[PDB]
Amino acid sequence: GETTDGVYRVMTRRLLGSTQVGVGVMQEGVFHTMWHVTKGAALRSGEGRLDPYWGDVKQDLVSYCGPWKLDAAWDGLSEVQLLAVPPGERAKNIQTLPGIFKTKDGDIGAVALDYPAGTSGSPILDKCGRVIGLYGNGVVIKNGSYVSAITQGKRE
């Protein structure tokens, strides 16, 4: 199948027509997405198959064909870009200054941008174009607004 680096849609034909369930990143021959998008199931890419390699429900992340490769981190000061890939719509970069998720185990960057659930797995990038995490696991705040964590995996 196509293994060129880039952002990809994750589609399914189980439901009505072809539905976009999420998004992912292809980098160094490994496909990276959120666990809740595929539930760790195998994926098709043309006539080829992608098999899960690593996953973790608590991190809400999964990698296919190899170990998690993305290791860039938000610097805590600079604006970032969500490369949003919404269902049925063109890939579009949206710039924003991330907020903070304060937890008992440390602080995590957060992006306050509102997209359909099928946008889950869209990469958040730094000014160098490096993927600092994936969009789609977060919380619904008081005013019904959605705030996603900047979810990044560990590179062994």
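Residue numbers run from 1 along the displayed sequence.
Peer 1: Per the PDB record, is the mean Cα temperature factor higher over 99 to 107 or over 39 to 47?
Peer 2: Per the PDB entry, the higher value belongs to 99 to 107.
Peer 1: Looking at the entry, does 125 to 133 or 30 to 38 show the higher mean C-alpha B-factor?
Peer 2: According to the PDB entry, the answer is 125 to 133.
Peer 1: Within this chain's modelled residues, let me know which third the CA B factor of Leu15 belongs to: lowest, middle or highest.
Peer 2: It belongs to the highest third of the chain when residues are ordered by C-alpha B-factor.
Peer 1: What third of its chain's C-alpha B-factors does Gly144 belong to: lowest, middle or highest?
Peer 2: Within its chain, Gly144 is a highest-third residue by C-alpha B-factor, going by the deposited values.
Peer 1: Quick check on the deposited entry: does the C-alpha B-factor of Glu89 sit in the lowest, middle or highest third of its chain?
Peer 2: It falls in the middle third of the chain.
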